[PDB]
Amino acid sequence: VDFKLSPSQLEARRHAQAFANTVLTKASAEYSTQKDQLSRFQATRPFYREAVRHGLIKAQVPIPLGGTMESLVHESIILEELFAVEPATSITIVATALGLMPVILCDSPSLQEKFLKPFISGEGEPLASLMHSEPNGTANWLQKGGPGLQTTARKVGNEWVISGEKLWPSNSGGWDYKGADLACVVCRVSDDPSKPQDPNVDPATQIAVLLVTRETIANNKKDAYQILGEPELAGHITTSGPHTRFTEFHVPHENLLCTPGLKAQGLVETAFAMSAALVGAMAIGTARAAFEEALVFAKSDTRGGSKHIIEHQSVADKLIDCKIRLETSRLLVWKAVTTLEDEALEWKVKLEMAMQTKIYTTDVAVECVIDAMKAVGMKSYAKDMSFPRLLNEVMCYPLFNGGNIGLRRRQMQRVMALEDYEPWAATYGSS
């Protein structure tokens, strides 16, 4: 057991820090002048171009697939540094990563070569999006006897036809609402969308993922793909994750990611279990920013007293609790990603580790930001400090990438209920 970083991990840290400090710090000057979410998102396009120029999108794709990702620990380090400075553009990078995951994870070299090509070129500003979430919600998307996903698909000739709505998937409409360069659209198979999901079939058997490109959208009637709105978010105010409607939207059969059913469901589950672990690094970067701002302040400011406020035990208690939350969170993320990379472990073990990580790191990042604000005091409430941004940004984490209450805890609960659940398998090995 070993925690030391290799020279390439230290170089990824250095490179990510440099990118964030030299490039991302310029973003706010551009996006703050914009009056709405899409406009703010479009204001970040030049920084995502710089990201691409700096190899950061290429770094979202494994080396065997033509990318430059070295490991999930490198990835975790990169995200913590990026989110420690500015989530604008950083969010777009990870949303693209998630949207590429179902293709990265499929077992089909031919499909991969085709769809990953623009993401590993080091050119343009290509966007990917995993379109799962819906207006009616998704916590119950696999509930037997439930309505299931409201975005359905049916085969017609050599085409699939998508009917439904999505909401929240980052990058989905692209820079311009003519679509992401690659969207993985998660659908429930249904020959008659007017009829309810069959209460006697396991919903996981009915899942299909259909790949939708800008060409796909161009090849459809104007009204078949419609952006109906763009949520104005509390924080991450420069991301795009619009409300999209598909009406009789046609997709070629060659764009079906895999055979509909458990294999499709498994690809979605895997993709979101990878993101469950990595989202902890985003949570850590945000909360670390809050902790470091409070820390510097408490060591430099006496608040009209005789001593720096760090000398007050109550103030120090808050900073201590922040520090501990950040340390345990990082350790858990690194354990989780290495667990996911471990070929000798059952999926069950990986999934449970990734759920734990998502739940802990995202819940605890909120407490960390709030305790930092309490330690700094009134000054933390005004916009000449980072806290107002941080408080809004950090509250996204427990809710997003599958919220902790409806989704992650339920996924973890199912694994623990299994007769062959081995709580410590990721640590002490299996029996």
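In case it trips you up, residue 1 is the first one in the sequence shown, and so on.
- Between 187 to 195 and 207 to 215, the higher mean Cα B-factor belongs to 187 to 195.
- Taking the PDB entry as given, 22 to 30 carries the higher mean Cα B factor of the two stretches 22 to 30 and 400 to 408.
- If you compare the C-alpha temperature factors of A276, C322, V315, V156 in the entry, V156 comes out highest.
- Of the candidates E292, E113, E327, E134, the deposited coordinates give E113 the top C-alpha B factor.
- Annotation for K358: C-alpha temperature factor in the lowest third relative to the rest of the modelled chain, per the entry.
- Among all modelled residues in its chain, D371 ranks in the lowest third by Cα B-factor.
- In the PDB entry, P46 places in the middle third of its chain by CA B-factor.
- In this PDB entry, the Cα temperature factor of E80 sits in the bottom third of its chain's modelled residues, the lowest group.
- For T238, the recorded CA B-factor ranks within the middle third of the chain. Only modelled residues enter the ranking.
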